[PDB]
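Any read-out appearing in this document is the output of simple, stated calculations on the displayed coordinates, not a laboratory observation. All Cβ positions, even for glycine, are placed from backbone atoms using ideal geometry, and neighbour counts span all protein chains on display.
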Amino acid sequence: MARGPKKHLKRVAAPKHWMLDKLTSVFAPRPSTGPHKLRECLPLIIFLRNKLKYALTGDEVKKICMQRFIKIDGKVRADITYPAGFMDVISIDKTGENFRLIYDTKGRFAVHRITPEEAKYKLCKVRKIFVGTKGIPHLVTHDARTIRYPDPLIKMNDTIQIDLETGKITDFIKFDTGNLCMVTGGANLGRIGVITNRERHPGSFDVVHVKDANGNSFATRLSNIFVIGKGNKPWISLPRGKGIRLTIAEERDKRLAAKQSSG
Amino acid sequence: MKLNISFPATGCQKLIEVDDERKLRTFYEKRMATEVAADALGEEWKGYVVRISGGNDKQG
Amino acid sequence: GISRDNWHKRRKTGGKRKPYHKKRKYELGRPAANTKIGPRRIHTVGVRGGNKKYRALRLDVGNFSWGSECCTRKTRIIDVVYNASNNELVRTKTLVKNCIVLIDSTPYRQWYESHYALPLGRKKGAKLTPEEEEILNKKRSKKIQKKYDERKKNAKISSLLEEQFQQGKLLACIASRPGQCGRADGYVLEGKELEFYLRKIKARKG
RNA sequence: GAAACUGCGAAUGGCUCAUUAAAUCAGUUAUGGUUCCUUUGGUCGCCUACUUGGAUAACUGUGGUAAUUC
RNA sequence: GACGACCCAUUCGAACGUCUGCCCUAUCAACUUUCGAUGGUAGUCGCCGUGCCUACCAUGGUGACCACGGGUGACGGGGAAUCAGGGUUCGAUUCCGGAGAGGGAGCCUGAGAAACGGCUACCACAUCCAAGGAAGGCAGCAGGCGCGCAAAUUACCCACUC
RNA sequence: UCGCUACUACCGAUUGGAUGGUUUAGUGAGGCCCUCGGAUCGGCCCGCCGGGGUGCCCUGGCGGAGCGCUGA
């Protein structure tokens with residue numbers, strides 16, 4: 001087919017962490033270009049009728065977004081699709097609600113409601129340091145913000161708190177052993193645990209061991225690690241589950257113990 | 001042939017039909033945008049000069 | 001049309017591969033510049049992704065440099081002498097990267113005379129005395145000597161250099177692609193290169 | 001508010017399996033060898049300026065060709 | 001607020017390149033080279049790397065571990081049928097990648113095309129004509145002829161999905 | 001072995017015919033590039049009038065000369 005870029009993505013080509021069905025038609029939404037990557041996005045309209053169920057058809061979302069009740073990262077967006085991903089804040093001010101996009105231990109974007117006070121900032125990883133013209137530095141982040149004049153000891157794989165109102169980061173975390181980390185990709189996903197150890201290989205695909213407070217050791221690639229706060233002390237709010245990563249046997253035991261499927 | 005005489009100071013233009021060889025001999029063997037005296041065209045022209053701006057061959 | 005494909009041409013074993021995909025726009029030729037020396041004719045060529053590419057035909061000026069004392073001035077490009085890729089290109093006066101050409105040699109002397117306070121090779125001192133001595137002698141009080149003293153014994157200028165000024169020509173090396181850049185540029189020969197290419201010139205012609 | 005100039009899309013999709021045996025393709029790797037509409041974030045002061053120059057369409061009117069989105 | 005523009009970063013990619021993996025055939029055993037085959041040096045071209053191309057110079061490269069040549073009712077993969085274990089057979093075909101729009105070649109526009117619901121020419125077809133000329137490409141959905149053992153409605157509609 | 005019918009393959013004169021693909025040489029449409037070419041259309045200078053200003057200037061309208069210089 002191709003001679004230039006494509007503009008469709010089907011249902012069955014689309015990722016499985018949007019939790020799509022198979023008895024609505026061939027196409028799926030496809031996020032338009034933005035700061036996040038499409039195997040890490042949650043498109044906007046999938047949050048509004050395949051999670052929260054305010055809307056019921058795509059035409060309803062087109063009538064909602066135009067009214068400008070929606071924000072994303074403290075700015076106003078007004079389209080059916082926007083590629084919000086890990087560590088962004090949605091803000092509906094009419095309902096007085098604020099969400100956060102973060103991973104379940106299952107490895108899918110959950111509903112993590114939060115105070116409006118918490119929703120005035122987000123946590124951003126540094127990925128690249130690049131000296132611009134005339135002796136000025138830059139940062140580059142995964143949410144694709146270029147923040148000039150950072151403190152001169154902040155380096156890649158650190159994380160920085162950004163004030164959505166004014167940009168211009170107030171504080172930061174430094175990447176060190178024994179600090180608390182979250183996983184953002186790979187086979188292990190959504191697990192929370194301290195760093196414990198590092199491993200280096202000259203070349204590529206260095207790995208990073210992890211250990212949790214349930215006494216389990218696991219490892220993952222370097223570039224799927226994200227820092228959340230100092231040892232056993234997140235600088236963010238955490239959802240239920242909390243990176244335990246239960247076996248399937250124990251999950252069965254909980255459900256038949258509470259006998260929970262009715263209220 | 002025909003002609004389409006045009007007066008560009010009213011924006012009006014009219015047709016006339018001739019087949020007299022002599023009057024048309026003034027136009028023959030000359031390229032577009034040449035001017036020639038239209039005094040040959042009759043006795044109702046006596047200080048007129050025209051410019052030919054082109055036209056249409058047979059078969060359009 | 002004329003193409004720069006890679007799905008033609010035999011593999012290592014002498015094998016052939018049968019025709020696969022039809023020619024495409026990102027594998028493409030477009031005939032050679034074949035730039036000469038003459039009055040400036042430049043053509044602007046649209047190229048892939050935008051970002052227009054200048055093709056220069058018949059240049060006559062390039063920005064050479066004398067990096068020994070670090071001055072670079074705009075000078076005329078007279079004629080070709082040596083082309084280290086082919087012999088035929090010299091005969092039709094084609095100008096490409098790493099040629100050896102001739103220049104006027106004029107501003108380099110003007111710069112030297114004003115800065116180091118000495119002329120180069122000269123036919124006669126008679127010319128200098130009414131005018132061109134006006135610069136060389138100076139009326140400063142105070143900084144007739146004071147400036148010039150620091151310039152002294154940093155101007156030994158080498159033997160192979162000095163003899164060339166008298167002819168009014170100097171041998172410089174094209175260090176640009178004129179057909180891609182739209183400009184001729186280069187550096188002037190010094191040292192062992194300048195000894196080398198003389199021997200090639202005298203070997204090949206004459 | 002028809003028409004017309006301008007911007008954008010028409011390189012996506014749909015369809016077929018003819019060509020094609022280290023080719024296609026799959027897993028794995030590489031741009032420190034390159035290009036990139038668009039989105040997102042930064043980049044934004046070395047007798048004319050109270051705003052410069054002159055033509056084309058629609059439109060009006062006259063036509064040609066057996067015939068054309070002429 | 002809206003629009004536009006230069007550069008950097010980002011996103012969607014695009015393009016080349018690495019290592020490993022292939023059906024039948026020797027009644028195909030030597031193959032490749034100035035009509036560049038392999039390498040060196042310089043240059044041209046191209047978005048870039050590169051014998052891609054040109055000049056000069058060297059004589060290499062490949063093969064019984066099956067090259068080279070020929071054949072394939074051979075598009076490739078994710079898969080499908082059968083099945084104790086090991087296998088055998090199939091994969092045009094809803095997802096992904098590729099190639100092509102009657103057969104060949106060339107080219108315009110654009111960020112992206114060697115595009116065919118763009119263009120120009122040749123070749124094979126076929127249409128209109130006042131014979132001066134003009135116009136065309138259903139391997140898009142329906143539908144017709146032909147071919148055969150062999151395959152549907154010239155229907156309704158943008159409400160869903162995009 | 002020889003004789004009788006159905007049926008299959010092989011050799012074969014005809015230097016068989018038909019269709020398709022390779023190959024030397026010659027010829028070569030069309031486009032692109034390059035080198036020329038200049039149909040044709042404007043601009044700025046000198047007369048008369050209008051406006052502004054100091055026979056003259058600028059700009060506009062109108063005509064003619066060299067069409068001089070210049071662009072497309």
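The figures follow:
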{"quantity": "With at most 13 other Cβ atoms within 10 Å, longest stretch of chain A clear of loop GluC sites (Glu not before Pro) (DSSP)", "calculated": "A:1-116"}
{"quantity": "Length-normalised contact order for region A:175-245 - Cα pairs under 8 Å, 6+ apart - percent", "calculated": "35 percent"}
{"quantity": "Set of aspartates and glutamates near A:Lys106 by C-alpha distance (under 17 Å), chain-local residues within fewer than 8 positions excluded", "calculated": "A:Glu40, A:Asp212, A:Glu250, A:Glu251"}
{"quantity": "MRE, 222 nm, helices only [DSSP H, n ≥ 4, -39500 (n - 2.57), over chain C, to nearest 500]", "calculated": "-5500 deg cm²/dmol"}
{"quantity": "Pairs beyond 31 Å (Cα-Cα), from A:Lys22/C:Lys18; A:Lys71/A:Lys211; A:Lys6/C:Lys16; C:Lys74/C:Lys123; C:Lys127/C:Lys156; C:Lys9/C:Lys202", "calculated": "A:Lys22/C:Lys18; A:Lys71/A:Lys211; A:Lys6/C:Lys16; C:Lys9/C:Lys202"}
{"quantity": "DSSP-assigned coil residues among chymotrypsin sites (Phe, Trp or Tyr not before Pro) in region A:33-89, each with at most 14 further Cβ atoms within 10 Å", "calculated": "A:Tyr54, A:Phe69"}
{"quantity": "Amide proton proximity set for A:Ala28, modelled H, under 5 Å, gap of 5+", "calculated": "A:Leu9, A:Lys10, A:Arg11"}
{"quantity": "Options A:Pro239, A:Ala219, A:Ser262, ranked by Cα towards positive dipole end of region A:194-263, top entry (Cβ charges)", "calculated": "A:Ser262"}
{"quantity": "Spread of Cα-to-Cα distances over 5 Å intervals beginning at zero, given as percent, for region A:122-172", "calculated": "5, 21, 38, 24, 10, 2, 0"}
{"quantity": "Overall Cα dimensions of chain A - principal axes, largest extent first, Å", "calculated": "57, 49, 46"}
{"quantity": "Gaussian network model of chain C, springs between alpha carbon atoms under 10 Å - residue of C:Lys93, C:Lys25, C:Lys169 with greatest fluctuation", "calculated": "C:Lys25"}
{"quantity": "Principal axis dimensions, largest first and in whole angstrom, of region A:177-263 by Cα", "calculated": "54, 26, 21"}
{"quantity": "Region A:194-263: chymotrypsin sites (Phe, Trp or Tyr not before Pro) in DSSP loop, at most 12 other beta carbons within 10 Å", "calculated": "A:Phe205"}
{"quantity": "Helical mean residue ellipticity (222 nm; -39500 (n - 2.57) per DSSP H run of 4+; nearest 500) of chain A", "calculated": "-2500 deg cm²/dmol"}
{"quantity": "Proxy reagent accessibility, fewest Cβ within 10 Å first, across A:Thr146, A:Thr95", "calculated": "A:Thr95, A:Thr146"}
{"quantity": "Stokes-Einstein D (µm²/s) once Rh is taken as the Kirkwood radius of the protein assembly as shown over alpha-carbon pairs, at 10 °C in 1.306 mPa s", "calculated": "47 µm²/s"}
{"quantity": "Phi-based couplings in Hz for region C:133-139 (Karplus 6.51, -1.76, 1.60; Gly and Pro marked x)", "calculated": "8, 4, 7, 5, 8, 8, 10"}
{"quantity": "Candidates C:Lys143, C:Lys36, C:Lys16, ranked by Gaussian network fluctuation over chain C, Cα under 10 Å, top entry", "calculated": "C:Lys16"}
{"quantity": "Whichever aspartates and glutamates have a C-alpha closer than 13 Å to that of C:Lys97, once near sequence neighbours (fewer than 8 apart) are set aside", "calculated": "C:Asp185"}
{"quantity": "Estimated dipole of the protein assembly as shown in Debye, rounded to 20 [Cβ of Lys and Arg +1, of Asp and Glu -1, Cα centre]", "calculated": "1960 debye"}
{"quantity": "Positive-end extreme of charge dipole, region C:1-91 - chosen from C:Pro31, C:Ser85, C:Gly62 (charges on Cβ)", "calculated": "C:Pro31"}
{"quantity": "Residue with peak Gaussian network fluctuation, chain C [Cα springs, cutoff 10 Å], from C:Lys22, C:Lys139, C:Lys123", "calculated": "C:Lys22"}
{"quantity": "Charged-residue dipole, Cβ positions (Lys, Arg, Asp, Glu), region A:1-117 about Cα centre, Debye nearest 20", "calculated": "540 debye"}
{"quantity": "Given 14 as the ceiling on other Cβ atoms within 10 Å, longest exposed-site-free region of chain B for trypsin sites (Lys or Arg not before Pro) in DSSP loops", "calculated": "B:1-29"}
{"quantity": "Gyration tensor over alpha-carbon atoms, chain C, equivalent ellipsoid semi-axes in Å", "calculated": "47, 20, 16"}
{"quantity": "Candidate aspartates and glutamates - alpha carbon under 18 Å from A:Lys75, same-chain residues fewer than 8 apart omitted", "calculated": "A:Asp88, A:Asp93, A:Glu97, A:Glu117, A:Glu118, A:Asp143, A:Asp163, A:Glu165"}
{"quantity": "For region A:192-228 versus region C:51-122, the gap between their alpha-carbon centres in whole angstrom", "calculated": "60 Å"}
{"quantity": "Over region A:1-117 - Rg/Rh using Cα atoms and the Kirkwood inverse-distance radius", "calculated": "0.96"}
{"quantity": "Region B:1-41: GluC sites (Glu not before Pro) in DSSP loop, at most 10 other beta carbons within 10 Å", "calculated": "B:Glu29"}
{"quantity": "Charge dipole (debye, nearest 20) of region A:175-245; +1 at Cβ of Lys and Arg, -1 at Cβ of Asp and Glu", "calculated": "220 debye"}
{"quantity": "For region A:249-263, Karplus couplings with θ = phi - 60° (6.51, -1.76, 1.60), whole Hz, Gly/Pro x", "calculated": "5, 5, 5, 5, 5, 5, 5, 7, 8, 6, 6, 10, 7, 9, x"}
